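A.B. asks: First, the structure itself, so that you have it in front of you.
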Amino acid sequence: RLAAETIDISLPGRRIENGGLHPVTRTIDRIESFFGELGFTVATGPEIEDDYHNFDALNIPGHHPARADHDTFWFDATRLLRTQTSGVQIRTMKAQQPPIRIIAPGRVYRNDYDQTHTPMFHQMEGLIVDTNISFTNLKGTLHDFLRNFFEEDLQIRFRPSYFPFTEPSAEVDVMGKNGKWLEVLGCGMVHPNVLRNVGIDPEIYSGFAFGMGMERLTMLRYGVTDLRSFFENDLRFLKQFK
Amino acid sequence: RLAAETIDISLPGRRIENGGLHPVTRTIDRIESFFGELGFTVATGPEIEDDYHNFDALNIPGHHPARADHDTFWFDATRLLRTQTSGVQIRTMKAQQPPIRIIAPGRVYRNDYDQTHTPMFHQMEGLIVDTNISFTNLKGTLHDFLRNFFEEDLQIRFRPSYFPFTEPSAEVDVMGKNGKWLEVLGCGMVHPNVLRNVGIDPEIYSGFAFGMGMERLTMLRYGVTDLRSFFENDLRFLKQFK
Amino acid sequence: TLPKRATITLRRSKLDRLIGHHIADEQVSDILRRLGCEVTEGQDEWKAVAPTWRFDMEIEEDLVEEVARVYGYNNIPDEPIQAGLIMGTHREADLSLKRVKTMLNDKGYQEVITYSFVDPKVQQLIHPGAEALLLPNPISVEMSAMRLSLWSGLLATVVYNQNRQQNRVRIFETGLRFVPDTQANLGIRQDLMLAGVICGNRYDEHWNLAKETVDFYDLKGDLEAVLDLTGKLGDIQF
Amino acid sequence: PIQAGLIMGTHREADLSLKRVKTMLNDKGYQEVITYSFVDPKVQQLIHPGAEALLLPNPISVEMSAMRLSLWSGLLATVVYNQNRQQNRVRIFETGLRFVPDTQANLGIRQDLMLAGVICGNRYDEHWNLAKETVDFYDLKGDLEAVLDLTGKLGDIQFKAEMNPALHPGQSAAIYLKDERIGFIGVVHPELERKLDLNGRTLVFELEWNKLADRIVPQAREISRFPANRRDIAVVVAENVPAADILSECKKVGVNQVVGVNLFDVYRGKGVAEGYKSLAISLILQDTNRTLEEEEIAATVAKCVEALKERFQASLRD
């Protein structure tokens with residue numbers, strides 16, 4: 001029986017072919033772990049919002065030219081799909097107080113369709129509020145996150161920009177190799193009028209915030225160049241990310 | 001076909017009955033996550049050790065009565081099974097520049113067999129080294145870990161003890177209900193002679209350490225009372241922890 | 001009625017607390033003067049009025065931002081954040097999302113994410129009777145409806161993939177749906193939902209595994225390992 | 001609470017964790033146990049003769065007076081613990097570190113972290129349509145390839161026949177992953193179970209951990225659109241080579257036409273000659289920039305058969 005009942009040895013064994021995640025899902029969870037080992041805990045919320053959550057709380061305030069350039073999806077007059085994931089942190093800053101931070105992943109919507117802009121793309125808005133942090137402690141964390149998401153291949157340059165809910169502002173804009181510089185993320189310290197209509201005193205407190213695009217980060221990381229291919233969901237494209 | 005080809009609806013569906021971890025494994029991973037969200041990263045190493053890793057580096061130093069009361073497993077004269085998981089942190093403190101902090105899980109061995117002491121039980125030795133921390137910042141972290149591992153049901157009392165590798169020492173000793181107090185863990189600040197034969201200056205630096213027993217913690221948490229039942233590995237006992 | 005200019009007083013503590021660096025008095029009292037302002041230094045304070053041509057200076061942030069912009073952002077060093085270490089509460093009795101996602105894509109599945117607003121001529125097939133949330137100013141005719149389930153997107157991804165000659169696709173998706181009800185905070189009830197779709201053969205072409213397409217019991221056993229043996233089991237009934 | 005500085009600390013994407021593979025083993029249906037790390041020298045030498053052990057002065061008893069040389073001592077003690085308590089179908093695994101004696105090592109013994117396991121008992125646990133068939137080596141290797149070669153490489157992994165005096169010569173293997181002995185899989189020796197009395201056929205699978213502890217970070221590529229077709233080939237080979245020169249040399253011939261290779265039915269019935277077999281080898285032929293029509297398919301099916309006649313066989317005539 002011993003030298004007779006032998007089998008074939010290298011035939012493929014029986015199993016079910018396991019399948020992998022989505023690339024923006026993997027990048028969201030990777031940056032979630034990267035910030036979870038600093039103590040940031042996530043926060044979530046709804047995708048539909050009135051004006052007092054999305055525009056009039058971030059000190060826009062309504063006659064500003066930020067209500068057509070955001071390319072919003074309106075419903076009647078006090079309903080819109082969420083244009084930037086910040087109501088999830090305003091509804092957290094309002095309730096409790098005042099020395100803890102949070103991050104938030106989620107879906108935003110912008111009325112733009114081309115071969116370079118899907119109408120939906122995931123954003124990741126951080127938030128941190130505690131005593132005596134500044135722009136030095138913004139560069140020293142975003143530089144660290146870029147050096148850890150990449151593997152120290154690329155160079156950064158902090159340049160100025162303008163977002164209405166954070167002033168003084170910035171932009172981080174890592175070094176590519178095909179062109180000159182690709183703009184990756186933007187940041188800035190929280191405006192005091194954002195703090196004052198929430199319940200935090202801006203005379204003693206401070207903080208910053210940052211918002212990055214997950215699909216441009218994932219495209220630049222894993223080499224993909226066609227942004228519309230992320231959401232047509234072909235298995236022959238999605239199987240290599242496993 | 002529609003009103004005819006019906007099946008039974010609540011028969012059990014086909015699958016493979018998934019199985020759970022081990023209780024000390026679950027507790028090791030739970031405390032690993034509890035300390036990983038403070039920034040502590042784990043560290044591992046061997047289980048056999050010479051004397052210069054296990055006794056003569058923690059400032060015992062050899063004529064002390066700690067070489068028979070540890071109940072060690074010797075081999076000849078400069079080999080022993082690891083009696084306390086501290087060489088994994090000495091071999092980390094020696095190599096790289098401060099200030100970094102680590103934890104370490106692993107197996108220890110003690111020559112004691114009864115119905116209350118297995119010869120192997122898992123220990124978890126923390127370590128933290130940076131400028132200007134003290135006993136206040138030891139109570140304010142071990143109290144927090146006990147309040148999070150329990151769900152604020154129990155009371156603590158810091159009492160003094162003596163471990164040779166940490167002075168000034170302590171013991172934390174949570175409140176039971178069947179007796180009076182069960183001693184859970186012990187801690188203390190790192191002795192400067194431990195720092196000086198590694199490469200850190202104890203005139204400017206400081207730190208503390210803590211070592212807890214995982215099997216007594218798991219027994220007190222999930223209600224088990226027979227310590228020898230953990231390592232006989234009965235499936236009828238192990239299936240409820242899933 | 002001409003646009004008047006305020007007295008934007010800037011101190012030292014606010015500039016130091018927002019920048020972090022120590023820009024000298026001699027340079028921060030020259031940056032505003034070369035910028036265009038009228039600066040009068042005031043014994044550890046500055047009172048500089050705005051210029052005429054700029055309509056973005058009203059508050060102290062608008063005066064420290066221009067100082068940092070003239071000084072540069074690349075001429076400021078880096079430091080990590082100094083913060084306390086509070087644990088933050090957990091629970092053992094809860095369940096994470098990634099655990100069920102990790103078990104599901106290791107039972108054979110795959111996670112996709114689709115468009116969160118669908119076709120009203122196809123979504124009314126899957127849910128007739130329930131009124132949809134329509135959409136003013138759409139993108140085209142075929143995307144003008146907030147979804148009421150995940151099936152109107154999953155049974156479009158399946159029909160996408162089956163038209164490129166692969167009829168074994170086991171994908172799932174996790175997102176939040178929108179159903180109208182006059183009880184929630186705004187006028188629609190929103191729940192987080194976990195969904196899926198299976199089709200094709202159970203096993204692929206193997207040497208003794210036969211060729212039978214899937215029936216309901218296999219999916220019920222697949223969903224048993226999700227709901228039961230993870231969060232809750234013992235009080236289920238079908 | 002303490003006052004610290006939030007340095008992020010380094011990570012790595014192209015590696016694995018232990019908890020990920022353990023969570024996969026729990027998904028496939030495996031208990032995790034923890035055994036004694038020092039075992040019996042009587043039934044320790046019955047698994048690994050030749051290699052001497054690391055003995056132990058001042059023991060607890062004679063029953064525990066030897067360090068490990070593998071992980072198959074405490075595991076085959078746990079299995080016969082459970083099977084004697086009227087409780088069958090135990091699937092366990094355990095990760096620990098072993099102690100092999102050496103001379104050019106750090107303290108005289110080299111230590112590797114090891115991932116091991118035991119499968120035995122019934123396969124499907126008495127289900128209403130799934131029949132009663134006890135487990136075997138193909139089930140172990142299929143449930144293992146998902147463990148090793150999915151969350152790691154699957155680039156090149158060869159199964160060959162390398163003997164070991166603790167298990168069967170035929171129903172056992174030696175996993176390689178690019179020219180290194182990395183594993184041992186397969187059912188134990190059928191006269192080893194005369195000792196210990198392990199009722200029923202068991203299987204074991206050991207793995208050396210920190211050589212499979214680095215995954216690859218994926219890279220995109222251009223994907224086509226055009227369909228493909230299914231071609232059936234049934235190569236007639238004598239019963240000597242299992243799959244080493246049948247399913248592997250088909251892929252290396254042509255780097256723009258052949259993707260995918262399957263098998264769905266063996267042929268050792270009455271039509272084939274005795275001592276010979278035909279393996280059904282299906283293929284899904286496709287081109288990266290255009291489609292494939294009936295002319296270029298006849299080149300790449302015949303070129304693989306031209307590359308197959310160096311294995312003393314060719315295709316069948318049917």
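Residue numbering restarts at 1 in every chain; chains get A, B, ... in the order shown in the structure tokens, and ligands count up from 1 in that same order.
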Would you list which chain C residues are within 6 Å of chain A using only C-alpha atoms, as a ChimeraX atom specification?
C.D. replies: /C:18-20,65,73,78-81,105-106,108-111,136
A.B. asks: Based on DSSP run over this structure's backbone, return all residues of stretch 104-151 of chain A in helix (DSSP H, G or I), as a PyMOL selection string.
C.D. replies: chain A and resi 136-149
A.B. asks: Hey, can you check how far atom CA of residue D:232 sits from atom CA of residue C:171?
C.D. replies: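 Answer for the atom CA of residue D:232 to atom CA of residue C:171 separation: 29.1 Å.
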A.B. asks: Please determine, counting only C-alpha atoms, which residue among C:35, C:103, C:219, C:10 has the shortest atom-to-atom distance to residue C:53.
C.D. replies: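 Counting only C-alpha atoms, the residue closest to residue C:53 is C:35.
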A.B. asks: Could you jot down the atom CA of residue C:207 to atom CA of residue D:204 separation for me, Å, one decimal place?
C.D. replies: 23.6 Å
A.B. asks: Go through D:88, D:73, D:202, D:151 one by one, measure the shortest atom-to-atom distance of each to chain C using only C-alpha atoms, and give the residue with the smallest value.
C.D. replies: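 Selected residue with least distance to chain C: D:151.
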A.B. asks: Can you list, as a PyMOL selection string, every protein, DNA or RNA residue that comes within 10 Å of residue A:51 when you count only C-alpha atoms, leaving out same-chain residues fewer than 5 positions away?
C.D. replies: chain A and resi 56-57+61-62+77-80+82
A.B. asks: Keeping only N, CA and C atoms, write the selected residues to a file as a PDB file, in the first residue's frame.
C.D. replies:
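Result saved to out-v6.pdb:
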```
ATOM      1  N   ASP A  56     -23.364  77.381   5.916  1.00  0.00           N
ATOM      2  CA  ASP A  56     -23.448  78.495   6.852  1.00  0.00           C
ATOM      3  C   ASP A  56     -22.761  78.228   8.185  1.00  0.00           C
ATOM      4  N   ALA A  57     -22.194  77.041   8.390  1.00  0.00           N
ATOM      5  CA  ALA A  57     -21.441  76.776   9.608  1.00  0.00           C
ATOM      6  C   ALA A  57     -19.947  76.921   9.409  1.00  0.00           C
ATOM      7  N   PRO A  61     -20.364  83.045   3.838  1.00  0.00           N
ATOM      8  CA  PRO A  61     -21.619  82.763   4.548  1.00  0.00           C
ATOM      9  C   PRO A  61     -22.901  82.748   3.698  1.00  0.00           C
ATOM     10  N   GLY A  62     -22.807  82.857   2.374  1.00  0.00           N
ATOM     11  CA  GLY A  62     -24.001  82.768   1.549  1.00  0.00           C
ATOM     12  C   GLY A  62     -24.092  83.714   0.367  1.00  0.00           C
ATOM     13  N   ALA A  77     -34.273  74.327  -1.261  1.00  0.00           N
ATOM     14  CA  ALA A  77     -33.609  75.545  -0.815  1.00  0.00           C
ATOM     15  C   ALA A  77     -32.760  75.318   0.428  1.00  0.00           C
ATOM     16  N   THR A  78     -33.045  74.239   1.161  1.00  0.00           N
ATOM     17  CA  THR A  78     -32.366  73.924   2.412  1.00  0.00           C
ATOM     18  C   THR A  78     -32.066  72.424   2.442  1.00  0.00           C
ATOM     19  N   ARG A  79     -31.706  71.878   1.288  1.00  0.00           N
ATOM     20  CA  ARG A  79     -31.276  70.499   1.163  1.00  0.00           C
ATOM     21  C   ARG A  79     -30.236  70.425   0.064  1.00  0.00           C
ATOM     22  N   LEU A  80     -29.146  69.713   0.331  1.00  0.00           N
ATOM     23  CA  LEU A  80     -28.137  69.472  -0.686  1.00  0.00           C
ATOM     24  C   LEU A  80     -27.357  68.230  -0.303  1.00  0.00           C
ATOM     25  N   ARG A  82     -23.959  66.263   0.285  1.00  0.00           N
ATOM     26  CA  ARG A  82     -22.805  66.790   0.996  1.00  0.00           C
ATOM     27  C   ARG A  82     -21.651  67.062   0.044  1.00  0.00           C
TER      28      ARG A  82
END
```
A.B. asks: Residues of chain C within 10 Å of chain D, using only C-alpha atoms, as a count of residues only?
C.D. replies: 28
A.B. asks: Pick from A:70, A:110, A:221, A:196: nearest to chain D, with only C-alpha atoms counted?
C.D. replies: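 The answer is A:221, which sits nearest to chain D.
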A.B. asks: For residue D:284, which of D:252, D:98, D:231, D:311 is the closest residue, counting only C-alpha atoms?
C.D. replies: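 Closest to residue D:284 of all the choices is D:231.
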A.B. asks: Considering only C-alpha atoms, state which residue in the set D:31, D:315, D:288, D:122 is at the smallest distance from residue D:222.
C.D. replies: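 Under the stated criterion, the closest residue is D:288.
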A.B. asks: What does the distance between atom CA of residue C:196 and atom CA of residue C:154 come to in Å, to one decimal place?
C.D. replies: 7.4 Å
A.B. asks: Using only C-alpha atoms, what does the table of chain D residues within 9 Å of chain A look like, with each row giving the shortest atom pair and its distance in Å to one decimal, sorted by chain and ascending number, as JSON lines?
C.D. replies:
```
{"residue": "D:6", "atom": "CA", "partner": "A:38", "partner_atom": "CA", "distance": 6.2}
{"residue": "D:7", "atom": "CA", "partner": "A:38", "partner_atom": "CA", "distance": 7.8}
{"residue": "D:8", "atom": "CA", "partner": "A:38", "partner_atom": "CA", "distance": 6.4}
{"residue": "D:9", "atom": "CA", "partner": "A:148", "partner_atom": "CA", "distance": 8.2}
{"residue": "D:10", "atom": "CA", "partner": "A:148", "partner_atom": "CA", "distance": 6.5}
{"residue": "D:11", "atom": "CA", "partner": "A:148", "partner_atom": "CA", "distance": 6.9}
{"residue": "D:12", "atom": "CA", "partner": "A:148", "partner_atom": "CA", "distance": 8.4}
{"residue": "D:13", "atom": "CA", "partner": "A:30", "partner_atom": "CA", "distance": 8.9}
{"residue": "D:137", "atom": "CA", "partner": "A:13", "partner_atom": "CA", "distance": 8.3}
{"residue": "D:138", "atom": "CA", "partner": "A:13", "partner_atom": "CA", "distance": 4.7}
{"residue": "D:139", "atom": "CA", "partner": "A:14", "partner_atom": "CA", "distance": 5.7}
{"residue": "D:140", "atom": "CA", "partner": "A:13", "partner_atom": "CA", "distance": 7.6}
{"residue": "D:141", "atom": "CA", "partner": "A:13", "partner_atom": "CA", "distance": 5.3}
{"residue": "D:142", "atom": "CA", "partner": "A:13", "partner_atom": "CA", "distance": 3.7}
{"residue": "D:143", "atom": "CA", "partner": "A:15", "partner_atom": "CA", "distance": 6.0}
{"residue": "D:144", "atom": "CA", "partner": "A:13", "partner_atom": "CA", "distance": 8.6}
{"residue": "D:145", "atom": "CA", "partner": "A:13", "partner_atom": "CA", "distance": 7.8}
{"residue": "D:146", "atom": "CA", "partner": "A:18", "partner_atom": "CA", "distance": 7.5}
{"residue": "D:150", "atom": "CA", "partner": "A:18", "partner_atom": "CA", "distance": 8.1}
{"residue": "D:151", "atom": "CA", "partner": "A:242", "partner_atom": "CA", "distance": 8.0}
{"residue": "D:158", "atom": "CA", "partner": "A:10", "partner_atom": "CA", "distance": 7.7}
{"residue": "D:159", "atom": "CA", "partner": "A:10", "partner_atom": "CA", "distance": 5.5}
{"residue": "D:160", "atom": "CA", "partner": "A:9", "partner_atom": "CA", "distance": 7.0}
{"residue": "D:161", "atom": "CA", "partner": "A:9", "partner_atom": "CA", "distance": 7.6}
{"residue": "D:168", "atom": "CA", "partner": "A:2", "partner_atom": "CA", "distance": 7.6}
{"residue": "D:169", "atom": "CA", "partner": "A:2", "partner_atom": "CA", "distance": 7.8}
{"residue": "D:170", "atom": "CA", "partner": "A:6", "partner_atom": "CA", "distance": 4.8}
{"residue": "D:171", "atom": "CA", "partner": "A:6", "partner_atom": "CA", "distance": 6.3}
{"residue": "D:172", "atom": "CA", "partner": "A:9", "partner_atom": "CA", "distance": 7.5}
{"residue": "D:173", "atom": "CA", "partner": "A:9", "partner_atom": "CA", "distance": 6.9}
{"residue": "D:190", "atom": "CA", "partner": "A:2", "partner_atom": "CA", "distance": 8.7}
{"residue": "D:217", "atom": "CA", "partner": "A:222", "partner_atom": "CA", "distance": 8.2}
{"residue": "D:218", "atom": "CA", "partner": "A:241", "partner_atom": "CA", "distance": 6.1}
{"residue": "D:219", "atom": "CA", "partner": "A:222", "partner_atom": "CA", "distance": 5.5}
{"residue": "D:220", "atom": "CA", "partner": "A:224", "partner_atom": "CA", "distance": 5.7}
{"residue": "D:221", "atom": "CA", "partner": "A:224", "partner_atom": "CA", "distance": 7.7}
{"residue": "D:222", "atom": "CA", "partner": "A:237", "partner_atom": "CA", "distance": 8.6}
{"residue": "D:223", "atom": "CA", "partner": "A:237", "partner_atom": "CA", "distance": 6.9}
{"residue": "D:239", "atom": "CA", "partner": "A:8", "partner_atom": "CA", "distance": 8.8}
{"residue": "D:240", "atom": "CA", "partner": "A:8", "partner_atom": "CA", "distance": 8.6}
{"residue": "D:241", "atom": "CA", "partner": "A:8", "partner_atom": "CA", "distance": 7.7}
{"residue": "D:242", "atom": "CA", "partner": "A:8", "partner_atom": "CA", "distance": 4.5}
{"residue": "D:243", "atom": "CA", "partner": "A:10", "partner_atom": "CA", "distance": 5.3}
{"residue": "D:244", "atom": "CA", "partner": "A:10", "partner_atom": "CA", "distance": 6.6}
{"residue": "D:247", "atom": "CA", "partner": "A:11", "partner_atom": "CA", "distance": 8.6}
{"residue": "D:263", "atom": "CA", "partner": "A:12", "partner_atom": "CA", "distance": 8.9}
```
A.B. asks: Please, could you write that set of residues out with C-alpha atoms as a PDB file, in the first residue's frame?
C.D. replies:
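What ended up in out_5.pdb:
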```
ATOM      1  CA  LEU D   6       3.106  62.446  18.267  1.00  0.00           C
ATOM      2  CA  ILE D   7       5.782  60.912  16.060  1.00  0.00           C
ATOM      3  CA  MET D   8       3.985  58.669  13.583  1.00  0.00           C
ATOM      4  CA  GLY D   9       6.554  55.882  13.343  1.00  0.00           C
ATOM      5  CA  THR D  10       7.436  53.789  10.319  1.00  0.00           C
ATOM      6  CA  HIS D  11       5.278  51.148   8.643  1.00  0.00           C
ATOM      7  CA  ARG D  12       5.492  48.915   5.579  1.00  0.00           C
ATOM      8  CA  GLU D  13       2.919  47.886   2.972  1.00  0.00           C
ATOM      9  CA  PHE D 137      -3.952  15.954   0.959  1.00  0.00           C
ATOM     10  CA  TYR D 138      -5.591  17.943  -1.842  1.00  0.00           C
ATOM     11  CA  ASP D 139      -7.976  19.509   0.663  1.00  0.00           C
ATOM     12  CA  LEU D 140      -5.054  20.388   2.931  1.00  0.00           C
ATOM     13  CA  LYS D 141      -3.030  21.894   0.071  1.00  0.00           C
ATOM     14  CA  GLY D 142      -5.999  23.846  -1.263  1.00  0.00           C
ATOM     15  CA  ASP D 143      -6.801  25.247   2.165  1.00  0.00           C
ATOM     16  CA  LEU D 144      -3.085  26.016   2.635  1.00  0.00           C
ATOM     17  CA  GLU D 145      -2.410  27.765  -0.688  1.00  0.00           C
ATOM     18  CA  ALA D 146      -4.933  30.404   0.342  1.00  0.00           C
ATOM     19  CA  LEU D 150      -2.513  34.397  -1.588  1.00  0.00           C
ATOM     20  CA  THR D 151      -1.526  36.951   0.993  1.00  0.00           C
ATOM     21  CA  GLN D 158       6.789  24.368  -6.706  1.00  0.00           C
ATOM     22  CA  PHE D 159       5.572  21.208  -5.009  1.00  0.00           C
ATOM     23  CA  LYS D 160       8.008  18.303  -5.252  1.00  0.00           C
ATOM     24  CA  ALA D 161       8.655  15.051  -3.378  1.00  0.00           C
ATOM     25  CA  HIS D 168       4.129   9.135   4.094  1.00  0.00           C
ATOM     26  CA  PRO D 169       6.495   9.288   1.076  1.00  0.00           C
ATOM     27  CA  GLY D 170       3.830   9.731  -1.589  1.00  0.00           C
ATOM     28  CA  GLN D 171       1.168  11.809   0.151  1.00  0.00           C
ATOM     29  CA  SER D 172       3.569  14.551   1.197  1.00  0.00           C
ATOM     30  CA  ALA D 173       5.380  17.435  -0.410  1.00  0.00           C
ATOM     31  CA  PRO D 190       0.400   5.050   8.766  1.00  0.00           C
ATOM     32  CA  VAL D 217       2.645  45.887  -3.682  1.00  0.00           C
ATOM     33  CA  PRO D 218       0.639  45.667  -6.922  1.00  0.00           C
ATOM     34  CA  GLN D 219       1.084  47.688 -10.089  1.00  0.00           C
ATOM     35  CA  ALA D 220      -1.459  48.615 -12.736  1.00  0.00           C
ATOM     36  CA  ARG D 221      -1.428  47.667 -16.421  1.00  0.00           C
ATOM     37  CA  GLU D 222      -3.507  48.294 -19.530  1.00  0.00           C
ATOM     38  CA  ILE D 223      -6.554  46.026 -19.845  1.00  0.00           C
ATOM     39  CA  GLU D 239       1.234   7.748 -14.885  1.00  0.00           C
ATOM     40  CA  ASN D 240       4.658   9.155 -13.937  1.00  0.00           C
ATOM     41  CA  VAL D 241       4.660  12.969 -13.929  1.00  0.00           C
ATOM     42  CA  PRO D 242       1.901  14.491 -11.761  1.00  0.00           C
ATOM     43  CA  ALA D 243       1.591  18.087 -12.947  1.00  0.00           C
ATOM     44  CA  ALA D 244       5.158  19.427 -13.114  1.00  0.00           C
ATOM     45  CA  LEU D 247       0.292  22.580 -16.374  1.00  0.00           C
ATOM     46  CA  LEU D 263      -8.365  21.148 -15.475  1.00  0.00           C
TER      47      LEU D 263
END
```
A.B. asks: Going by DSSP on the backbone, which residues of stretch 163-202 of chain C come out as strand (DSSP E or B)? List them as a PyMOL selection string.
C.D. replies: chain C and resi 171-176+179-180+188-189+192-197+201
A.B. asks: List as a ChimeraX atom specification the protein and nucleic acid residues near residue B:177, meaning an atom at most 12 Å away when only C-alpha atoms are counted, but skip any in the same chain fewer than 2 places from it.
C.D. replies: /B:153-155,174-175,179-182,220
A.B. asks: I need the chosen residues saved as a tab-separated table (two decimals), in the first residue's frame, with N, CA, C and O atoms.
C.D. replies:
```
chain	number	residue	atom	x	y	z
B	153	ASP	N	-16.38	48.95	37.00
B	153	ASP	CA	-17.09	48.23	38.05
B	153	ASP	C	-16.29	48.14	39.34
B	153	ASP	O	-16.87	47.87	40.39
B	154	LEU	N	-14.97	48.36	39.27
B	154	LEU	CA	-14.06	47.95	40.33
B	154	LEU	C	-13.16	49.12	40.73
B	154	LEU	O	-12.98	50.08	39.98
B	155	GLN	N	-12.60	49.02	41.94
B	155	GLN	CA	-11.79	50.06	42.55
B	155	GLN	C	-10.35	49.56	42.73
B	155	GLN	O	-10.12	48.36	42.89
B	174	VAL	N	-6.59	45.44	42.09
B	174	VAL	CA	-7.99	45.85	41.90
B	174	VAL	C	-8.90	45.18	42.93
B	174	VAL	O	-8.50	44.23	43.60
B	175	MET	N	-10.13	45.69	43.08
B	175	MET	CA	-11.08	45.20	44.08
B	175	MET	C	-11.91	44.06	43.51
B	175	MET	O	-12.62	44.23	42.51
B	179	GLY	N	-13.56	37.86	47.51
B	179	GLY	CA	-12.67	38.02	48.64
B	179	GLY	C	-12.60	39.47	49.07
B	179	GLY	O	-13.64	40.09	49.33
B	180	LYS	N	-11.40	40.04	49.14
B	180	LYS	CA	-11.25	41.46	49.42
B	180	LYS	C	-10.56	42.21	48.29
B	180	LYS	O	-11.11	43.20	47.79
B	181	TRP	N	-9.37	41.79	47.86
B	181	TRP	CA	-8.66	42.45	46.77
B	181	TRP	C	-7.82	41.40	46.06
B	181	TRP	O	-7.12	40.62	46.71
B	182	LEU	N	-7.90	41.36	44.73
B	182	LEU	CA	-7.03	40.51	43.93
B	182	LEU	C	-5.93	41.35	43.30
B	182	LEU	O	-6.21	42.41	42.72
B	220	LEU	N	-10.17	36.48	35.70
B	220	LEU	CA	-11.01	37.43	36.41
B	220	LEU	C	-12.02	38.09	35.48
B	220	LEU	O	-13.13	38.41	35.90
```
A.B. asks: Looking at C:167, C:116, C:124, C:190, which one is nearest to residue C:147, with distances taken over only C-alpha atoms?
C.D. replies: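 The shortest atom-to-atom distance to residue C:147 comes from C:116.
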A.B. asks: List the spatial neighbours of residue B:53 as a count of residues only - criterion: any atom at most 9 Å away, only C-alpha atoms, same-chain residues fewer than 5 positions off excluded.
C.D. replies: 6
